[PDB]
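Presented below is the structure to which this report refers.
Keep in mind that the numbers below use all heavy atoms, side chains included, and drop hydrogens, waters and symmetry copies. Naming convention: chains lettered A, B, ... in sequence-line order (proteins, then strands); numbering from 1 in each chain.
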Amino acid sequence: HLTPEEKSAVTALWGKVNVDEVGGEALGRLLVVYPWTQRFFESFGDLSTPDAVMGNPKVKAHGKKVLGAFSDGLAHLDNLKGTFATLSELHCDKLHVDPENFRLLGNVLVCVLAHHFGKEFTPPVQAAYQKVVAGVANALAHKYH
Amino acid sequence: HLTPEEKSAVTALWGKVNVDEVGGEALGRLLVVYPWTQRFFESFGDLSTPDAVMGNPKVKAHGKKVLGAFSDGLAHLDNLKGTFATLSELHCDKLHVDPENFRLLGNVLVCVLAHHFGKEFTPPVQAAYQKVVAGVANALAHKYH
Amino acid sequence: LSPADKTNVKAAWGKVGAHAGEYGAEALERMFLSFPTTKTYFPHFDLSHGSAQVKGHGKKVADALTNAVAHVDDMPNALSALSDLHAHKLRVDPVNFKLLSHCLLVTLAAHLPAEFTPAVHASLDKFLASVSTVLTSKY
Amino acid sequence: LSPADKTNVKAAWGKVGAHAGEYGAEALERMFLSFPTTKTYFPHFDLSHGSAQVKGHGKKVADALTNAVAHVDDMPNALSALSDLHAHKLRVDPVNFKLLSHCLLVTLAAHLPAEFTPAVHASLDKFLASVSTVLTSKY
Ligand code: HEM
Ligand code: HEM
Ligand code: HEM
Ligand code: HEM
């Protein structure tokens with residue numbers, strides 16, 4: 001449900017996103033701010049301190065994978081439901097992740113983008129990205145529907 | 001999805017349900033338990049006390065309409081998305097009702113059915129009706145998707 | 001939580017009586033049947049119908065709720081160990097507390113038809129909501 | 001909350017400084033753009049960009065948040081009048097409070113990049129959620 005202007009703004013801002021650290025930051029901040037989500041990552045090592053979470057190589061690598069999935073969803077904005085079918089089955093039929101955590105992660109990603117880009121992250125850019133992350137969460141929660 | 005046994009149980013419990021009092025009780029109980037939902041029914045008159053809510057003819061008739069919509073959805077369990085398209089447009093574009101209130105009302109209806117049917121409202125029957133009301137809420141919130 | 005709400009909850013839970021453990025077991029069974037994703041928090045449990053482990057856990061939950069009714073004005077202090085357990089050791093998603101509250105309300109409605117007036121329904125709903133916030137307050 | 005949370009929130013809001021009204025107006029504009037269903041609560045408002053009405057409302061919200069920061073240990077008493085207005089007269093759906101809290105956090109992240117560490121982020125999330133619970137405790 002993105003206008004061409006919204007799609008262009010989203011693409012332009014995503015072009016400057018560091019794909020090596022943004023996903024790790026988003027996932028680590030999710031773990032710190034919503035600590036019940038740490039239940040799903042018990043094999044990631046020590047997550048007791050925010051510094052330990054943000055310094056965790058496994059958290060960084062998984063954030064890289066999640067950011068790659070987000071970029072894949074951004075490349076196909078008109079087929080999010082079909083892009084995230086396998087990931088939806090993995091998250092729902094195997095991990096039992098509540099779909100509200102998808103929205104939580106999307107909002108954490110929006111906060112990380114704001115923290116990185118500052119005044120470049122204008123309210124219209126944020127609105128376009130909110131549409132994007134809401135669509136991604138809805139597509140990822142399709143098995144629950 | 002509902003198995004044939006769950007569908008049979010749901011239909012059997014539905015025939016017993018009164019079509020003139022259950023929906024009004026569910027709408028009234030929603031208005032009492034979640035009083036921010038009264039913001040959508042300002043033209044319904046006095047709603048200050050629970051007795052005033054449950055004695056409201058407008059609340060009774062509107063609950064009758066909602067129960068009829070639920071019955072229509074039950075007769076078309078495999079086409080919930082197409083059954084509630086016009087109602088979804090009415091609730092989202094015209095009234096801006098948050099989709100959380102749909103699940104709230106479905107849960108209040110489940111509580112009303114339990115209160116009316118007692119020991120006959122077994123946990124399997126409740127699970128089938130939870131699937132039914134979740135499907136109805138998802139169909140009514142589809143226009144936000 | 002208003003004093004009328006406290007009176008309503010106290011009357012309803014007193015009328016529940018000695019069936020508290022049975023009601024807790026039924027609420028847990030309803031939660032497991034309606035929302036099977038909540039079953040993952042009990043991996044070592046035998047979660048079949050009539051299970052002794054489910055019966056004992058339902059008794060424990062019912063005694064906790066009876067204590068909370070006895071301590072409405074002191075819920076954070078009365079439920080401190082339970083809140084620590086649920087928030088730190090178990091890391092229960094806060095949505096499952098809503099699910100269990102709904103199943104408890106359904107059990108109460110099904111077993112106490114006369115007591116489940118709309119006012120009692122609202123009072124019990126907000127009592128269970130407050131119990132859930134206390135149990136999730138250590139996040 | 002926590003003493004460390006209180007210190008983090010106090011530091012972040014103090015370094016917000018005299019721009020708090022601008023921050024609140026920007027957060028309200030972000031909420032109106034991202035979640036247009038929130039605009040139904042302001043039907044007699046001019047909700048265009050650069051609107052003086054939104055500027056004044058953002059200033060009011062920012063002053064309320066500054067008062068809440070100053071009275072972190074007595075927030076329910078400091079925010080009693082506001083909680084009555086939000087729940088009885090306005091009847092704001094409690095999801096909108098989460099929406100406004102998210103937009104406030106986004107404004108803070110965009111304007112204080114150096115201070116938006118994960119720990120400060122968690123502290124601010126806890127603070128804003130506590131303000132939202134205080135404002136939604138009078139239904
Ligand atoms: C909201 C958007 C999300 C996206 C796009 C996403 C994406 C991904 C990706 C790409 C993988 C890699 C799977 C593989 O390598 O085979 C994965 C796995 C995983 N995700 Fe997510 N994720 C999201 C949200 C979440 C949330 C919120 C949680 C937990 C609270 C979560 C928990 C997990 C876990 C535990 C795995 C490991 C499972 C496995 O690899 O077998 N995910 N996700
Ligand atoms: C969850 C299942 C629901 C169903 C099946 C349902 C069904 C209906 C029906 C059949 C109508 C009548 C429309 C007409 O006469 O043209 C209606 C109207 C309305 N509904 Fe719902 N409803 C649901 C939930 C809700 C909730 C939770 C709210 C508010 C919190 C709400 C607010 C309204 C309002 C304000 C109207 C008046 C609009 C009109 O009469 O045209 N509905 N709904
Ligand atoms: C009103 C809500 C709740 C109450 C009063 C409650 C109460 C209790 C009590 C009394 C115990 C045992 C404590 C002990 O043995 O020392 C317990 C343990 C436990 N609770 Fe809850 N609880 C509630 C909600 C939940 C929910 C919603 C879940 C999960 C969806 C949950 C999962 C557990 C688990 C996994 C245990 C550990 C039991 C075991 O491993 O043997 N609780 N709870
Ligand atoms: C942290 C959250 C919030 C704070 C601190 C806050 C604060 C305030 C303040 C200080 C006022 C002015 C009261 C007065 O002038 O006497 C107000 C009014 C109002 N608020 Fe909020 N508010 C919050 C959340 C919300 C949300 C989420 C909504 C709607 C989505 C909302 C809708 C309104 C409305 C409609 C008014 C009336 C304004 C007018 O009539 O001029 N508030 N709020």
Side-chain angles (χ1 to χ4, degrees), chain A residues 27 30-31 34-48 53 56 58-59 62 66 86-102 104-105 140-141 143-144, chain B residues 3 122-124 126-128 130-131 134, chain C residues 20-65 79 81-104 106-107 128 131-132 134-139:
Chain A
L27 184 61
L30 177 81
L31 295 175
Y34 309 109
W36 63 86
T37 57
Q38 266 161 238
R39 205 183 82 106
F40 305 96
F41 301 100
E42 260 136 19
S43 52
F44 275 43
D46 182 66
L47 306 170
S48 74
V53 166
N56 199 320
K58 302 174 100 163
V59 173
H62 195 241
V66 177
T86 74
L87 279 178
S88 179
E89 294 181 282
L90 150 67
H91 284 80
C92 302
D93 302 311
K94 197 214 199 303
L95 298 167
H96 311 266
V97 183
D98 183 66
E100 148 83 347
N101 302 326
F102 302 148
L104 296 182
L105 189 55
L140 209 62
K143 286 318 283 294
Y144 283 125
Chain B
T3 68
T122 63
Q126 195 217 331
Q130 288 283 172
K131 288 158 145 273
Chain C
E22 184 206 329
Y23 287 10
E26 163 143 317
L28 280 169
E29 160 166 38
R30 287 175 180 285
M31 193 189 57
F32 295 145
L33 278 194
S34 294
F35 318 103
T37 193
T38 55
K39 261 182 307 153
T40 66
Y41 290 90
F42 305 82
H44 58 320
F45 266 49
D46 168 51
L47 296 175
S48 61
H49 187 324
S51 162
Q53 240 174 331
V54 177
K55 270 191 216 181
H57 195 61
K59 197 158 271 143
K60 274 174 235 132
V61 175
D63 316 338
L65 288 175
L79 301 172
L82 279 187
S83 179
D84 188 295
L85 177 81
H86 283 85
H88 302 253
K89 176 190 226 143
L90 300 177
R91 283 105 83 231
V92 182
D93 205 314
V95 304
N96 320 98
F97 290 95
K98 267 183 289 143
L99 301 174
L100 187 54
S101 290
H102 167 65
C103 286
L104 283 152
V106 165
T107 300
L128 291 173
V131 170
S132 301
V134 170
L135 285 195
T136 50
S137 78
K138 301 268 167 90
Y139 281 128

[X] versus [Y], closest heavy-atom pair with distance:
{"X": "C/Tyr139", "Y": "C/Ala87", "answer": "CE2-O, 3.5 Å"}
{"X": "C/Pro43", "Y": "C/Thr40", "answer": "CD-O, 3.8 Å"}
{"X": "C/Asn96", "Y": "C/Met31", "answer": "O-SD, 4.4 Å"}
{"X": "C/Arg91", "Y": "C/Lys89", "answer": "NH1-O, 3.3 Å"}
{"X": "A/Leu140", "Y": "A/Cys92", "answer": "O-SG, 3.9 Å"}
{"X": "C/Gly21", "Y": "C/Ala62", "answer": "N-CB, 3.8 Å"}

Candidate pair A/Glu100 and A/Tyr34, rule side-chain contact (heavy atoms from CB on, under 4.5 Å), full reasoning | CA-CA 11 Å; A/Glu100 148 83 347; A/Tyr34 309 109; over 6 Å; no
Less than 4.5 Å apart, side chain to side chain, heavy atoms only: is that true for [X] and [Y]?
{"X": "C/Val131", "Y": "C/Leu79", "result": "yes"}
{"X": "B/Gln126", "Y": "C/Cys103", "result": "yes"}
{"X": "C/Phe45", "Y": "C/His57", "result": "yes"}
{"X": "A/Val59", "Y": "A/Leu47", "result": "yes"}
{"X": "A/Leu90", "Y": "A/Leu87", "result": "yes"}
{"X": "C/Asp93", "Y": "C/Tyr41", "result": "yes"}
{"X": "A/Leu31", "Y": "A/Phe44", "result": "no"}
{"X": "C/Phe35", "Y": "B/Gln130", "result": "yes"}

Atom [atom1] of [X] and atom [atom2] of [Y]: how far apart are they, to the nearest 0.5 Å?
{"X": "A/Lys58", "Y": "A/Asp46", "atom1": "NZ", "atom2": "CG", "result": "12.0 Å"}
{"X": "A/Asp93", "Y": "C/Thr37", "atom1": "CG", "atom2": "OG1", "result": "10.5 Å"}
{"X": "A/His91", "Y": "A/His96", "atom1": "NE2", "atom2": "NE2", "result": "12.5 Å"}
{"X": "C/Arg30", "Y": "C/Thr38", "atom1": "CZ", "atom2": "OG1", "result": "14.0 Å"}
{"X": "C/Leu135", "Y": "C/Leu85", "atom1": "CG", "atom2": "CG", "result": "9.0 Å"}
{"X": "C/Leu33", "Y": "C/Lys39", "atom1": "CG", "atom2": "NZ", "result": "8.0 Å"}

For A/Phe40, which residues count as a ring-ring contact (aromatic ring centres under 6.0 Å, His included) partner, sequence neighbours excluded?
->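 None.
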Within the side chain of [X], is there an N or O that forms a donor-acceptor pair under 3.5 Å with the backbone of [Y]?
{"X": "C/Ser101", "Y": "C/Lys98", "answer": "no"}
{"X": "C/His88", "Y": "C/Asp84", "answer": "no"}
{"X": "C/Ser51", "Y": "C/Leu47", "answer": "no"}

NZ (C/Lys138) with more than 12 external heavy atoms under 6.0 Å =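 More than 12 within 6.0 Å, yes.
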Considering residues at least two apart in sequence or located in another chain, which fulfil the side-chain hydrogen bond (donor to acceptor under 3.5 Å, both in side chains) criterion with C/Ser48?
->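 Listed in chain order: C/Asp46.
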Show your working on side-chain contact (heavy atoms from CB on, under 4.5 Å) between C/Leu65 and C/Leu128 and close with a plain yes or no.
-> CA-CA 9 Å; C/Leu65 288 175; C/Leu128 291 173; 4.2 Å; yes
Please lay out, stage by stage, how A/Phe102 and A/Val97 fare under the test side-chain contact (heavy atoms from CB on, under 4.5 Å).
-> CA-CA 8 Å; A/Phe102 302 148; A/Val97 183; 3.9 Å; yes
Can you check side-chain contact (heavy atoms from CB on, under 4.5 Å) on C/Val92 and A/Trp36, steps first, answer last?
-> CA-CA 6 Å; C/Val92 182; A/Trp36 63 86; over 6 Å; no
